[PDB]
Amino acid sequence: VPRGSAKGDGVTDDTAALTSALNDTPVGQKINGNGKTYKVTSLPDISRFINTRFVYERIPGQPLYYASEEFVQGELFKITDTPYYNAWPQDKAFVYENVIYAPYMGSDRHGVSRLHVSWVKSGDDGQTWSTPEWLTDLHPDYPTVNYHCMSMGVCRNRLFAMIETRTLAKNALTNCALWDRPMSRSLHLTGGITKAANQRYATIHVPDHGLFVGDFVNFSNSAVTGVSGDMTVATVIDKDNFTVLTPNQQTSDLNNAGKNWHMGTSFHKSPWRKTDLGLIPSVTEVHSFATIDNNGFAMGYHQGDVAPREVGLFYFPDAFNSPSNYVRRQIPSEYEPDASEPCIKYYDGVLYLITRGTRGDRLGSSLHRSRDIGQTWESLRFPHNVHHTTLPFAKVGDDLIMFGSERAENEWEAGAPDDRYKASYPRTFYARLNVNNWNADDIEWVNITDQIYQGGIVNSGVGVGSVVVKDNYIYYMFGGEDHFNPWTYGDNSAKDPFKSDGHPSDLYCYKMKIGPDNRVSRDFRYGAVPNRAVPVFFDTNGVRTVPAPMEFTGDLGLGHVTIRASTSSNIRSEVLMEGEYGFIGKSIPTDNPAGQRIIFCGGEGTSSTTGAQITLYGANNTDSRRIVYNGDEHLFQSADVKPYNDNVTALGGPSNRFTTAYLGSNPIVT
């Protein structure tokens, strides 16, 4: 009886041939699928294959594709590991001057409680990531409302973000504001600085500087007197020229033409410009960002709280001069039902928009393109009711490359019920769509990594990510959970991140090659002590030393404490107390309450021989509320020595007589 071999044609049922190959092959052999796609009736032991793709209909009629290792050149990274609920990169990521930014929200729940808009960054093309930075503080009216952000990007060297205010109680939108700030840059320039005689201002020529009055500028080597060090923008002449105020003036004009110098800008030392847009009507969320040109950008939006839904974009044609001016452009009405959270990007004059579907039992995600910044559209529907995921994407050559994640295992397919309240392994997919062919009927969703959905609460941090390209690589930054329960149903209904394992959602990044890499590898194994967040050095005496300034805001218990010389040329040790008032007090002792007291001493030991002392006795002391003042001099400066009340307390007593009183006049007795 002849046997068939595996065909790898995506149609022949290769299950039997693959099973026989697995049975007949040692488990450690990597079975090479030769880049082919093999149709199976259930997924085999994928781990034993390389360079293989499977096609499988978990739900009949709904083929999906599954990658073995090395089928794609790609890898998953974990990029945050913090106790907050870290989720929702949607749709904020960007690349600026060689750094990959993964903004997100770190909260305690699906909501704005404990939330900071945050980012981590990579300086090495995604191998390692930075310590989280908070971009927002808690709102001044916390805990009634707090911030939220799903739209951020860069236009002409400024970060722009739609900073929403939402209620803690219901996550209801109450305000939209456009916040923007210059990005930090170092510029290495030749010429461009002039300073007219007999006045103090200098004009600085920097094309497309993106700075406003009051923004930070640092100068080095300018060769123009007074244009030096940390300065600020005094005026903006035009988009290419600004002025600074110098401390001095010369009797000759100055001009550094032909001379090389350096300028620096700063995100951190420049304020946000904040433009209040009010409660923009018919908006639930602002989401995604598409830079259009040197003057403006678009932000996606949807309205989904009441019928009828809207989905579209807001275009800000001149965000520099006119940040409050935008125009609303909706996608066609047929595609607005059951839709939210559009991802938008702009390439070669074409605005592309992809929706999130809200329901697995109704038509789902759709894709739209426009050559007039959303006034008119061409549209298509993805097959099979793609739902619960945003589809962030980039354009690489003729393809859109889009990523999505089911939120819990087995939810992706049309008709699949939600699968919550138990642990599972949700699938993450990508797909390519050729914009010339403009037809998604044949789309191939390829499962490239699986995440964990923890199951302790109904909500999921899996997915809802963001995509960028840098060089020859595409990056999908997105959430994933672990098996550690947050104990919301348990001992942590308050959702305190700092109890036990905190919240399981953290960020990941799938780094996928999308064109040739013409250099030797930069890859390394990380073997260092991570020494950025809390920088420690063993000092020459063998003690761990942290030289960075730090804030500890949580309750602290300390053991033996020494306050070292630190202040005014190190002459003194110093503790400063904030608030309206400071309090230094003494707990009730557990074992010997009768001793409760604090000894304050001007010398090194508890014996009064070492220094003057004042001892404040607690109420629980045998000598309740005593004070003993013990010095070799007691000198009362600047004021009379008085009783607090009138004609109630005495000087001395019958068993505590003063020897005498030295007076410049007899007592005044009344």
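In case it trips you up, residue 1 is the first one in the sequence shown, and so on.
Trainee: Quick one: say whether 617 to 625 or 639 to 647 has the higher mean Cα B-factor in the deposited entry.
Mentor: Taking the mean B-factor of the alpha carbons in each, 639 to 647 is higher.
Trainee: Identify the stretch, either 225 to 233 or 444 to 452, whose C-alpha atoms have the larger mean B-factor according to the entry.
Mentor: If you average the C-alpha B-factors of 225 to 233 and of 444 to 452, the larger mean comes out for 225 to 233.
Trainee: Could you say which of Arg371, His483, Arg564, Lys495 has its CA atom at the highest B factor, as listed in the PDB entry?
Mentor: That would be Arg371.
Trainee: Quick one: which of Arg309, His503, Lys470, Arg185 has the biggest Cα B-factor according to the entry?
Mentor: Each of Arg309, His503, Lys470, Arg185 was compared by C-alpha B-factor; the highest is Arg309.
Trainee: Ranked by Cα temperature factor within the chain, is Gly631 in the lowest third, the middle third or the highest third?
Mentor: CA B-factor rank for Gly631: middle third.
Trainee: Where does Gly602 sit by CA temperature factor within its chain: lowest, middle or highest third?
Mentor: CA B-factor rank for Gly602: lowest third.
Trainee: With respect to C-alpha B-factor, does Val534 fall in the lowest, middle or highest third of the chain as deposited?
Mentor: Lowest third - that is where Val534 ends up once the chain's C-alpha B-factors are sorted.
Trainee: Sorting by Cα B-factor within the chain, modelled residues only, which third would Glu409 end up in: lowest, middle or highest?
Mentor: Lowest third, going by the recorded CA B-factors of the chain.
Trainee: When the deposited Cα B-factors of this chain's modelled residues are ordered and cut into thirds, is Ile59 in the lowest, the middle or the highest one?
Mentor: It belongs to the highest third of the chain when residues are ordered by C-alpha B-factor.
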